[PDB]
């Protein structure tokens, strides 16, 4: 039974560690070492997905950590995600079993619907011929079976707007435990934050450093003067300040890195805080969604506009 500090409580009663290692766009050749180093450094939460094409390499690192006695299975919170082409009820358990085979696990702590979007089994999502209308209640009922069987100890969604999340909550027997979404100082998700707090759904922040591959204007939010300024005042890195902001909002954060030193720095967000007067200044940062869902917004999609995909949250 995990402690209070450094965790949030899910609506299941389970505790989610408030920092996890992101593995989105982590190259299969280096993710193993990243996972091993992360857990060695004190991470107790790994965020994975079938779609990231690297769960086998994550699995090898978990196996190593367990065999070396660094951690036991019960010490880790492991998340994976259901891809768009496995939304049919018989395909949901097939996807989870494949994921569990790759991660070399018997259960997940959390399993998420990756997007509110559906495609034909084994199709390429880049082609409109692949598209199918979502049936989230149907897919969710299949997810509820995994919850009931203990194959996933919690179930949730990813990239659901407040509206879509609310609609699922109204329809579901088992409420979503988590909505995993882009959340960082440049996209603070105050509407979804408030909705989540009001309904008991956990907001988990992906891309908590914005877009490190970008220039300042294109999404490197760590170049915001306010963040730099606060970083200098508190003797921390801009990344640390961005992450701590999210922590103080009561979110979990999922910083992705394959650099051991960056992985270590990204965990140093607990033994200090941002003063209330400095925290207020985050309200001045320009708000722009960086992961806009372009791949599923087009004339052939159920979402003809970004406003439709995000129910106005853009």
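Positions refer to the first chain, counted from 1.
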item: Stretch with the higher entry mean CA B-factor, where the candidates are 238-246 and 79-87; value: 238-246
item: Of 90-98 and 212-220, the one with larger mean CA B-factor; value: 212-220
item: Among 269, 288, 34, 254 - the residue whose C-alpha B-factor is largest in the record; value: 269
item: Selection from 172, 113, 154, 181 [criterion: highest C-alpha temperature factor in the record]; value: 172
item: Chain thirds of CA B-factor: placement of residue 50; value: lowest
item: Residue 196, C-alpha B-factor rank within chain (lowest, middle or highest third); value: middle
item: CA B-factor placement of residue 163, once the chain's modelled residues are sorted into thirds; value: middle
item: Lowest, middle or highest third - CA B-factor, residue 142; value: middle
item: Chain third (lowest, middle, highest) by recorded CA B-factor, residue given as residue 278; value: highest
